[PDB]
RNA sequence: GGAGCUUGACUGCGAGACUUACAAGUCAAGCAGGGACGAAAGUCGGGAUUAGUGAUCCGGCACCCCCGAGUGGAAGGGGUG
RNA sequence: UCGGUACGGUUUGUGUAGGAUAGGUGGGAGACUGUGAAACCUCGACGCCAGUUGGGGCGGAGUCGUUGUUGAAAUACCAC
Ligand SMILES: Nc1ncnc2c1ncn2[C@@H]1O[C@H](COP(=O)(O)OP(=O)(O)O)[C@@H](O)[C@H]1O
Ligand SMILES: Nc1ncnc2c1ncn2[C@@H]1O[C@H](COP(=O)(O)OP(=O)(O)O)[C@@H](O)[C@H]1O
Ligand code: VO4
Ligand code: VO4
Ligand SMILES: [Mg+2]
Ligand SMILES: [Mg+2]
Ligand SMILES: [Mg+2]
Ligand SMILES: [Mg+2]
Ligand SMILES: [Mg+2]
Ligand SMILES: [Mg+2]
Ligand SMILES: [Mg+2]
Ligand SMILES: [Mg+2]
Ligand SMILES: [Mg+2]
Ligand SMILES: [Mg+2]
Ligand SMILES: [Mg+2]
Ligand SMILES: [Zn+2]
């Protein structure tokens with residue numbers, strides 16, 4: 001019900017993050033503005 | 001010599017499996033039909049095969065030298081023009097190139113000298129490679145087969161269930177190879193579907209048609225692909241092969257549970273018994289039991305909530321009355337000289353081909369669209385409940401418990417106090433399905449919260465606006481036997497020749513012809529006895545040749 | 001189906017693969033049977049015309065011509081019209097000739113048009129495209145050198161192109177030429193087919209080839225013959 | 001308790017300590033990169049605190065392109081998540 | 001006997017415009033030597049959009065058939 005999800009980047013697709021969300025409250029993929037060390041600057045992140 | 005295949009693909013939404021260990025293949029020219037109950041994953045299969053949805057755990061894979069087309073169950077027809085919406089795909093591979101011919105139209109010598117040959121020269125060949133040189137001479141030949149609206153009609157709101165005549169004219173003009181389509185016989189007539197049973201019957205290419213009616217699938221498909229709880233099964237037959245094969249699978253699996261629960265009684269009282277003197281309770285029969293009580297939980301489960309319509313207040317001697325009505329639009333006058341009184345304790349069926357004005361007749365009765373001439377006498381002995389074709393009461397951003405219950409906890413339905421969560425559970429949405437949004441739902445679950453929020457006032461005159469669509473043969477009977485035991489006067493618009501043959505007493509037909517496209521005919525009698533009247537009130541058994549979508 | 005046609009078919013065995021040394025002789029058994037006229041050479045390719053990298057469309061300059069009037073339509077003014085009428089073109093016009101194309105008069109074979117007279121040509125080519133009378137720079141018609149290209153159409157730079165059903169269709173001229181004058185035209189086309197093998201031709205490239213006349217039967221040739229036609 | 005924007009429920013580290021047979025567990029000011037909020041001062045490396053977890057082995061995946069069994073590659077191995 | 005494959009013979013494709021196009025493409029100015037005319041035989045399988053060509057009775061008594069024709073193209077006959 002809370003699966004582990006992972007936040008790939010949106011410029012370069014590195015799978016930089018991993019966390020949990022509630023699958024029935026949020027049936028769509030999370031978008032957050034997290035850091036990316038490949039790029040060295042904040043970018044967007046969707047799920048996989 | 002294959003056109004689509006899957007490896008060991010498994011796909012799930014929630015803890016509700018849609019596929020698990022599904023390996024199957026598809027030949028070119030395989031008239032595949034897809035069946036199954038509502039919510040069983042007919043389109044979640046078909047989204048992946050179109051390439052939009054990725055599987056979870058497996059490999060979905062199209063063949064290389066081929067192409068795909070898709071008709072979703074609500075085609076997202078963008079709103080520019082109808083003659084737009086036949087070349088912006090279909091000939092959409094050519095419009096991206098025929099904007100360059102307009103640039104090089106009058107052929108000046110300015111700014112290009114060696115592109116006088118090579119850049120313009122590919123346009124000389126791609127106007128003869130695909131043999132799409134004119135693009136607007138056989139485009140009229142295409143739209144004179146779907147019987148489309150005229151070319152200068154901007155689809156801002158004016159198309160009802162004739163959106164789908166345009167979207168069929170898109171991807172059948174693409175001429176694809178993998179031809180995927182969710183429910184073509186939705187919203188169509190008994191002359192456009194009867195056309196589509198020949199264009200898909202002399203068609204090079206591979207077809208997977210997801211459908212629910214018994215009679216489209218008998219003439220189109222040649223194999224069946226069902227979808228049970230996760231598991232697929234290919235067949236060889238018709239739709240009646242599926243209903244006998246589904247009945248025996250649920251029976252002989254039901255007989256397993258009527259054996260496994262029996263030997264679960266003795267393996268429980270044996271565990272409940274105390275141990276004797278020196279002996280030991282054998283620890284390989286507690287592992288035998290505590291494992292066996294896990295195949296007594298996940299195996300047996302089912303649910304099917306019957307549709308029931310609430311009962312409203314007492315209906316008087318008048319229901320609604322319409323005398324010499326005139327209504328159309330600017331030049332397009334679709335109702336002339338119609339007079340009828342709507343009966344008491346019956347079922348009224350509205351029969352007419354598409355684009356004639358069946359939905360607008362209920363706009364006048366509910367009162368969202370005032371007529372031109374005539375009079376609509378209503379009476380104060382009637383309270384209105386109106387389910388609609390557009391399903392606009394459903395908001396695609398909020399979930400099932402707010403789409404119908406408006407966020408609060410006890411709703412008024414029959415002027416009574418029935419709780420919200422217990423009311424939506426009467427339509428199948430229970431437990432985990434109270435938290436899911438409204439675009440996520442199926443086409444059946446879309447057409448069942450439609451009845452949840454519009455049969456909420458619970459009046460005594462209900463207007464069914466295409467209820468026979470997007471739902472299987474098990475909930476269709478739950479609506480066929482919920483308005484035969486209704487106190488009075490449900491009115492239904494339907495194209496389904498075997499839904500009005502069983503529940504109808506009052507035909508509201510349309511015998512319009514060339515000199516006036518506005519004649520309507522009132523009748524008292526069931527649909528099956530109306531037809532022998534029409535063979536002798538109109539011409540002698542005259543109430544066709546195919547229209548080729550392209551000559552090449 | 002004719003009584004004289006089956007006797008021509010009796011003189012060619014179906015089973016035995018033939019050579020250009022022999023197909024010239026079997027042309028003579030058909031030139032003494034039928035009209036000595038254009039001889040068709042068909043090639044079934046091992047390609048797929050769906051893709052762009054497997055789309056085969058080539059050219060060949062034959063060493064003996066083609067046995068045809070080779071009429072050239074020239075749209076030119078000034079000295080470009082004078083330099084093309086002295087090269088073999090019998091149809092020499094301008095933008096005024098565009099009005100005579102749509103009047104039911106298409107009595108020409110090729111249309112080598114100058115870029116300067118391209119005012120109303122791209123719209124009248126729509127009745128030329130599927131009728132095959134359309135110009136093309138890859139055919140050598142829409143080009144800045146409209147002088148030497150007229151004698152090349154006289155010289156037989158006829159263009160072949162694989163259709164949708166994976167078939168090459170190209171000619172080797174009249175039977176009025178000699179027997180080895182056939183193989184000079186015959187070997188030149190296949191030498192341009194093999195150069196136009198695509199980058200991704202899976203399997204064997206030239207799977208079948210045949211030769212036939214106007215109203216005569218076909219001739220099974222050997223695809224292994226690629227170097228020593230004569 | 002309420003409201004407005006937001007993603008620090010970060011990446012590279014971490015002096016010094018608590019607890020501790022070992023393995024573990026815990027706290028951490030402060031430094032930089034790149035942010036959020038604030039007029040600034042500053043606070044933010046999840047939640048008022050303390051539970052919501054499981055060593056090693058062997059495997060899966062994504063990326064870094066480290067070794068490549070004569071050499072060029074590859075198979076396989078390895079590294080950071 | 002029922003199948004897979006490779007070669008070869010015959011055959012099917014019917015909106016709207018005219019003889020409802022015998023499909024695609026290249027070639028094409030002619031074709032058959034025969035009543036193309038009719039019958040108990042009607043491409044009795046095609047069969048509806050139907051006259052597309054024969055289970056073929058005429059039995060050298062000999063016409064049809066490029067038809068330049070409005071259409072996107074039409075016509076023989078043959079080849080891929
Ligand atoms: N994105 C989603 N998230 C969660 N559940 C979904 C989603 N899409 C569909 N479902 C549920 O899973 C089932 C699959 O839908 P499906 O049956 O494939 O639609 P259709 O009836 O058109 O085939 C539906 O009953 C629906 O309730
Ligand atoms: N908003 C509108 N404005 C003008 N005309 C409309 C509008 N909505 C529908 N129509 C016309 O109504 C006619 C058919 O009514 P419709 O509701 O589509 O009947 P049905 O529901 O039986 O198909 C169509 O000709 C359409 O042009
Ligand atoms: O838009 V309808 O013809 O299904 O009433
Ligand atoms: O495939 V459906 O259950 O949306 O008719
Ligand atoms: Mg939320
Ligand atoms: Mg409608
Ligand atoms: Mg569906
Ligand atoms: Mg975390
Ligand atoms: Mg430290
Ligand atoms: Mg900082
Ligand atoms: Mg600021
Ligand atoms: Mg800190
Ligand atoms: Mg071990
Ligand atoms: Mg090595
Ligand atoms: Mg490796
Ligand atoms: Zn990045």
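Along the chain as shown, residues are numbered 1 onward.
Going by what the header records, the deposited coordinates were determined by electron microscopy, 3.1 Å.
The backbone N, Cα and C atoms fix where each Cβ goes, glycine too.
Within the same chain, the residues at least 6 positions away from residue B:42 (ATP 1 binding site) whose Cβ sits under 8 Å from its Cβ are B:34, B:35, B:36, B:182, B:210, B:227, listed in sequence order. As annotated by Swiss-Prot, ATP 1 binding site applies to B:36, B:37, B:38, B:39, B:40, B:41, B:42, B:43, with the evidence given as sequence analysis.
The Cβ of residue B:355 (ATP 2 binding site) has B:149, B:160, B:162 as same-chain neighbours under 8 Å, each 6 or more residues away in sequence. Annotated ATP 2 binding site per Swiss-Prot: B:352, B:353, B:354, B:355, B:356, B:357, B:358, B:359, in sequence order.
Residues annotated as domain 'ABC transporter 1' in Swiss-Prot: B:4-254.
What Swiss-Prot lists as region 'Arm' is B:92-134, and the listing cites sequence analysis.
As annotated by Swiss-Prot, region 'PtIM' applies to B:237-318, with the evidence given as sequence analysis.
Residue B:356 (ATP 2 binding site) sits 35 Å from residue B:40 (ATP 1 binding site), taking the C-alpha atoms as the reference points. Residue environment of residue B:353 (ATP 2 binding site) contains 15 other Cβ atoms, counted within 10 Å of its Cβ in all protein chains. Listed in chain order, the extra residues whose Cβ falls within 8 Å of the Cβ center of the ATP 1 site residues B:36, B:37, B:38, B:39, B:40, B:41, B:42, B:43 are B:227, B:442, B:444.
Summarising the environment of residue B:352 (ATP 2 binding site), the number of other Cβ atoms within 10 Å of its Cβ, over all protein chains shown, is 18.
Cα-Cα distance from residue B:359 (ATP 2 binding site) to residue B:38 (ATP 1 binding site): 26 Å (rounded to the nearest whole number). All chains included, 19 other C-beta atoms sit within 10 angstroms of the C-beta of residue B:40 (ATP 1 binding site). Here the region 'Arm' (B:92-134) is broken down by DSSP into helix, strand and coil counts: 19 helix, 0 strand, 24 coil. Candidate binding-site residues: B:39, B:42, B:354, B:356, B:357, B:359. Those with a Cβ under 6 Å from ligand 3, in sequence order, are B:354, B:359.
Its own atom aside, the Cβ of residue B:354 (ATP 2 binding site) has 19 Cβ atoms within 10 angstroms in the protein chains shown. Annotation for residue B:38 (ATP 1 binding site): same-chain Cβ neighbours under 8 Å, separated by at least 6 residues, are B:442, B:443, B:444, B:445, B:471, B:472, B:475.
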